[PDB]
Amino acid sequence: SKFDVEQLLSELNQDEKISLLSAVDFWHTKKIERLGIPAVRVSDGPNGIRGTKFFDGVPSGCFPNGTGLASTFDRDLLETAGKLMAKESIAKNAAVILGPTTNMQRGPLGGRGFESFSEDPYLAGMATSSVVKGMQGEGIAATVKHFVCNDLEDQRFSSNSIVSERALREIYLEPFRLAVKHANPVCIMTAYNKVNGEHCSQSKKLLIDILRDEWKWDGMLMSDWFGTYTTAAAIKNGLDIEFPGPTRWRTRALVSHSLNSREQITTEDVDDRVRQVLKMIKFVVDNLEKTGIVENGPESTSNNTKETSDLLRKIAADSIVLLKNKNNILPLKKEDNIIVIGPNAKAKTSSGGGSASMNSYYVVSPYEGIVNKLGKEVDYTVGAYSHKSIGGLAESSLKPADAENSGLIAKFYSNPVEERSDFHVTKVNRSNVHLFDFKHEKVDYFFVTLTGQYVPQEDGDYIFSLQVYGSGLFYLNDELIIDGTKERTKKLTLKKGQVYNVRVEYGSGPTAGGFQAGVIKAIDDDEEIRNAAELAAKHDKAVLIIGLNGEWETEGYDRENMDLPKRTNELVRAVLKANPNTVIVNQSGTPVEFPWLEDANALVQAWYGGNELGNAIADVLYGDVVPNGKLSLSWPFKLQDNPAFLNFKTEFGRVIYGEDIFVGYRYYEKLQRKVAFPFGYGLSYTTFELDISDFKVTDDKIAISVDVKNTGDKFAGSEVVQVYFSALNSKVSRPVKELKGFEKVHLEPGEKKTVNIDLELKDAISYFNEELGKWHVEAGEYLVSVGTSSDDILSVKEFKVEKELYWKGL
Amino acid sequence: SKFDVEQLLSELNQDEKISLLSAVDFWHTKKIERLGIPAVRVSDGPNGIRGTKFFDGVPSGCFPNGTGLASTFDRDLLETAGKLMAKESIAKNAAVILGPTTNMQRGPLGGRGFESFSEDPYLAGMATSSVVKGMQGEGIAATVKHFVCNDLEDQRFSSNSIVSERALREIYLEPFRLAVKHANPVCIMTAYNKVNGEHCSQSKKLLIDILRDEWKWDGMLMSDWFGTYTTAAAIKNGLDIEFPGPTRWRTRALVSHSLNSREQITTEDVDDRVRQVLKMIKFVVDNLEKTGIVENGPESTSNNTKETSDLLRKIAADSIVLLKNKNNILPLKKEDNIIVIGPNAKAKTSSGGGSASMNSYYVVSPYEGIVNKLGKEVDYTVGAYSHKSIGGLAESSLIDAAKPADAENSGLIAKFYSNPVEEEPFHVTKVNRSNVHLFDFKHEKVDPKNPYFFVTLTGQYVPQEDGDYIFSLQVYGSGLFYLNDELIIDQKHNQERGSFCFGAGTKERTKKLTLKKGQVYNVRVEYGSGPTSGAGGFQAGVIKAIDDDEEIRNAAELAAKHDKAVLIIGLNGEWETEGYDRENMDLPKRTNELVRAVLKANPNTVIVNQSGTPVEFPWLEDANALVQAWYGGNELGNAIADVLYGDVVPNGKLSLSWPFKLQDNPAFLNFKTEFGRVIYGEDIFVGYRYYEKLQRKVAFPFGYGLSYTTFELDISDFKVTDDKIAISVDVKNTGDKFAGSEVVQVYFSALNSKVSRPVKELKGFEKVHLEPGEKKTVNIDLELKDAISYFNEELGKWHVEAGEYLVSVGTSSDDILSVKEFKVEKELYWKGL
């Protein structure tokens, strides 16, 4: 190693020390050439590596979203995914990934519920631990986020999560505990919200008492972006580095003046934070030979290979959960006469919105995956629209027809169209132009002239669209058609083949920024539903693709309800009536109500599948991948059944975690409230059976062997063995049972394997004793329940525990 | 009138509100043109108005220093001083003055002890209050400072004044209480320091619970400069405006992010601070017709007039305190044969150092004063030097030693560059004063957040004597001193920290050279500002080396050959300055040896001492005539003449105890910031309250001063109502030659209190002018609660205790001439004003 933390700490002067406590820009820590300390690049996010730009982003591999990844219940595969994320990161020259995410879906409506793993803390913690192992094994630093209780988006910079120490310990801190214990993440990012009255990013209890004194974790803490709220407290209380730069709270003047005036912090506080930042740079520098990361290096698409594609396709396929399949409707045969219908059928809903999304090398739509599978054109009808806003203009705009004449051209200007006599130019491929992290020499106010030609493909009405932050004007054929803002629309009649001129005059956010101009073919909503029904009736099978998208589920706001959008439900009822052998494929990051569920004979949950989403869906539907995912989340019938129904809004600045330890399936089992599909549920195209085949308990370990067998005679497949524990005679209220182990096993038809699950008792059966402030292994009788979902328990074993244990730590 | 606080507060958007919460620059608040809110200019200081810059500043009227002003014991005159200060402030187009200063000399060694009024809170309060009424009666806003307990300089940004509530109330808050009650200052400035663990500038206790809730004062609080230490707690806890700009703690991002994240503050807190700023603005706006202040106006010398000069001379003459006068050495007569001797005789020591200082119209030295008096040359010898550092170079140099010692050719030329010497200068100035003070230096090419620049200082120096000269260099930043393009002084390599620049810059470095009379020498100083390593500054000096033993000999022998020696000694604005405290109470260098030898040679010597706070006079027993002149401003030397010659009959009384020795003082062991703190161990026993309680004799007691006449007084009426005390005092000038003023001092004592009290406390005073044989009756009226209360720290209230009380009337704290007793039947507890 050429990197010595303590030596450096002893050589840095005070100004240099202060300069290490904030990032330079959105993505980079501070270079100190004098001492051989490089700038380190970080990059979002948990489902693929975006790089240093949103607008004009270098393309990258988008992975399935977190709740889909967790539904694999496959540690090895999750490790493989983190290794591939590392390779994706190296290709962007980012030494640290801002992921994975592991907040908790205590209710279903969280705007970032798609982005984390699981309502279960053991599944969330092992998924986290597995991704981090895979990232860090390649020499790339993980950042587990957001610590802690950032479990909804509403007013997140100020929201006070008010939560008991028992629920804080057992549910919210637990996946971080597990990640730390098993994977040692190099970084953790603090949340935006408060916990019990105190912003996480200056909470000594969280940042120091727990992470440092109790858990002995020696990583680096960074703020979420702008999630610092004081100068001195955050430094005293354990926040190692403020992002993004340029610093707001930690200028040289603010910090040294606090030091020199004996206001709250000491030079020792500052050194403690600089020391953690140096340990993080030490990991990066020690790994440079292995990763090849170039300081301030170029960003490329070099990881866009067949190997990456096939692995993304596998990870997406195994994420998929088969929820219903009556009458052997699935698998489809390639000779089936089918029509594909639905608002998501030709959509590319690769991810949810915001920080975790990106510019992909490509996304295969579900329709394209089915055309690719069948090797021919497939009958289609859209059925219904379900977009939140109109986009699609850049994606369908331009003589030549080239894939390089494709889109719009953006020409940036110093002054307005209203006053220019007669600096940056960019080929725009997506209608949502997101200028937040945009930078140029001639900018801090700037203006944009967005141009191209649009050619309608059908005769009739088209609805043109524009949204801005916060100035623009939309021109078609040099006539003004449309004057953060609401969506404003103009409907106009056009003609197939005819070329129109699109011109958007935009002014920057002070007039950061952003805008979207879109267009869509208008339809008759009633007629298109009748048409899909009529068509579905005339085919053997229909495949109906529905769901939400990255505008309904997005960082920045929570969902208002659990409904499917617009006329989706009406569409589905009409199609099911016209053809009962319709398979429904749903894309969403979190649950949606299916009111017609009783009539749906085949139903597949695909999540948001990333670049290969549509091929993975085709793989499952045709049986080339046998469905093998299980729900990482409870799927209640109705929003009102959920434990957080009444407290999932920031009100008077707070959110009371009223259900306490009873989150997700812990709530439903305790109430005996029936759900549409429970935690851990998923079907296959084959049948399995299992039995505990050996069992052994000591004073400190539990060892379980489980034989699993594929009893079908046609498909090979994987089953997920899930191991739950129950206290049968505790003095303390607990959930009916708790997931503490799982193993995934692949089995040829007729094949049998034995899997082994070994755990310390303290891992299996502790609850957090709030009054004593300690975890407790309580003497008494316990049950281990082994099954293939939280309900489908197939084999059980009773055992006694005589030796008590109180513990803290890992 | 058309300026409506609540209307404007309703119309400002959030960004404009935040912009009002800090100053734009060192001296102005935020213009909000669309609402007709102008930039208000504020200026230092408590003893005259500096204007907008230290370096190259516009000349001004310097008054005598606070301790001098308080020594007049004259409310009318002090109120008249405030009016003249306002007129001065109008000439600089400053609508707000940053003064009076009224921290407390709990010990003698405070760097800014000169700057405040008195160790007695009654005198400190009544002086403050008089000066504020003077200023505000002319429509110029006062800023009483520094609230509170900024009573030494050492580590003042972090210093924790640890003080009981009773002492805090009776001594340190008290002059503020009295100022608010009688004068209603428009503003108050918060101190740099902490009080019982909390920075004054974010102390809810001080800034809200006491200022607002209990006293109901409604002015505006401003921080001392850079003395804000948080974003949200300072806003929540009552600090209305942060100075200087550009804002550190209160950018739109820090404030709006705090608000939007529900960190500490709400919009209501921000509105409460903005409201108070608006009220200060409204005072300035509603007085613009009367004052004629012009927004961002020019700064003039238009008040440099005879009327101003006469007033300053009078104010200075009445501050002087006659301390000893045996054998009628004084008044001096025109036909006395005299020599003037001493380090301060030709000195211009008009003020103490720091933010109270300024560039003067002129200063009349004591020597010049005695010369103006007689209308003829006066014999003189220096006797000894007592400078702390060597300046005097810009003052005695020329730009081109070929052309005459012109206005335009006298001094040095300073060129300012963006890069070091090793391009056209962005700024060029003619320097007259050796101390180049860059703290508020302003320029388009200078980043206020990182004042990075270089100075090339040049000119020519011609010595008027053969011999050794001692050149000198002092910096904050970096500098090289070349003489004839050869390096003579290095202040670039291995700097040591010393006294220069409020104790932040370098120890003085020097160079002894032998020079030839009339020979022309090229002075070149190359200087790098602070960030080169605020802007800071530097001083290049030169002085004539003298043989110390020899000069003492020469002074002694000369004194023997005259009827009378006039020996002028003391300290100056470098020994006594903002930024650091004095190390000891000693007169500097060889002063005391000079004095001893001069007194032995001619016991008919009058010693005149210039200091802001006490010095040990170890030869005292042998000094038969002794005058305390303080620092007397522009007219200091004409005022000293006036008093020496009996054109003004000495009428000052000491505003401070003057103990024999440093170790006698209450704060001997706790006048330093140690582990960030200062424990106020003497509690309420400060100044004369201490010496009297210990029965410890001092060289001169609080309230003491002599006249060239004698006086006698009687209490001729004394009445107590349930509510008020009425005292009449007959004062007679019982001499036959000189008219003069006597200062009647009224003290009270609680005789059987349950609580330890001081032996007695000053609660009233009147100054009365009497022709020989004349008699007058002065009337003193006062409310009981403000005369005999103590603060009951356990109950958290002031307490008029039942029992017997004594009133003492005299002409000093140690010269009581008449007493009366009264009984209080019923106790009262009270809070507020």
Side-chain angles (χ1 to χ4, degrees), chain A residues 13-15 154-161 190-194 197-203 223-236 242 244-267 510 512 650-655, chain B residues 15 155-161 191-194 197-202 223-236 242 244 246-266 447-451 504 531 533-534 673-678:
Chain A
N13 62 41
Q14 200 182 265
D15 300 352
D154 186 24
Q155 290 169 63
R156 62 201 168 144
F157 286 79
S158 67
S159 191
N160 187 13
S161 296
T190 62
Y192 275 129
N193 58 275
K194 316 176 178 172
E198 175 89 300
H199 273 114
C200 293
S201 65
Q202 65 199 40
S203 170
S223 71
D224 198 333
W225 265 224
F226 306 103
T228 308
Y229 307 99
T230 54
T231 288
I235 286 177
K236 188 190 173 48
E242 174 198 7
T247 181
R248 248 166 209 186
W249 299 91
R250 302 174 169 196
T251 66
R252 180 173 60 190
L254 290 175
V255 178
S256 59
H257 191 241
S258 296
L259 291 170
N260 297 328
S261 315
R262 295 179 164 101
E263 186 59 21
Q264 300 168 48
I265 48 164
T266 57
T267 58
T650 300
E651 318 215 45
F652 312 116
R654 50 69 164 180
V655 181
Chain B
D15 286 353
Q155 284 169 66
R156 52 194 176 143
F157 282 76
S158 68
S159 193
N160 183 11
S161 302
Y192 281 123
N193 52 279
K194 307 184 178 169
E198 178 87 291
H199 274 116
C200 294
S201 69
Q202 60 201 40
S223 70
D224 201 330
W225 266 224
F226 302 114
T228 306
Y229 304 101
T230 47
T231 293
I235 290 168
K236 191 189 168 54
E242 174 187 15
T247 179
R248 302 182 166 165
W249 298 95
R250 305 175 170 196
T251 65
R252 171 184 80 189
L254 291 173
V255 181
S256 67
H257 192 60
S258 298
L259 292 172
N260 293 329
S261 302
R262 291 174 166 103
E263 181 73 26
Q264 305 172 46
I265 45 159
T266 61
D447 189 344
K449 308 200 176 171
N450 190 48
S533 34
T673 299
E674 302 191 58
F675 310 116
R677 50 76 166 168
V678 184

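Quick note on labels: first sequence line is chain A, next is B, and so on, each numbered from 1. Worth knowing before you read on, the calculation uses all heavy atoms, side chains too, and leaves out hydrogens, waters and symmetry mates.
Neither the backbone nor the side chain of B:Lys449 comes within less than 4.5 Å of any heavy atom of chain A.
Pairing each heavy atom of A:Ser158 with each of B:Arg262, the nearest pair is OG-NH1, 2.9 Å. Minimum interatomic distance between B:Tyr229 and A:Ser258 (heavy atoms only, all atoms of both residues): O-OG, 4.5 Å.
You'll find the side chain of A:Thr230 reaches within 4.5 Å of the side chain of B:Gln264, heavy atoms only. Taking 4.5 Å as the limit, every side-chain heavy atom of A:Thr231 sits out of range of all side-chain heavy atoms of B:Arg248.
Using bins of under 30°, 30° to 60° and over 60° for the plane-to-plane angle, the ring pair B:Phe157/A:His257 lands in the perpendicular bin.
Of all the listed residues (A:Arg252, A:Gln155, A:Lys194), the one sharing the greatest number of non-hydrogen pairs under 4.5 Å with chain B is A:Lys194.
To the nearest 0.5 angstrom, A:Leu254 atom CG is 11.0 Å from B:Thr228 atom OG1.
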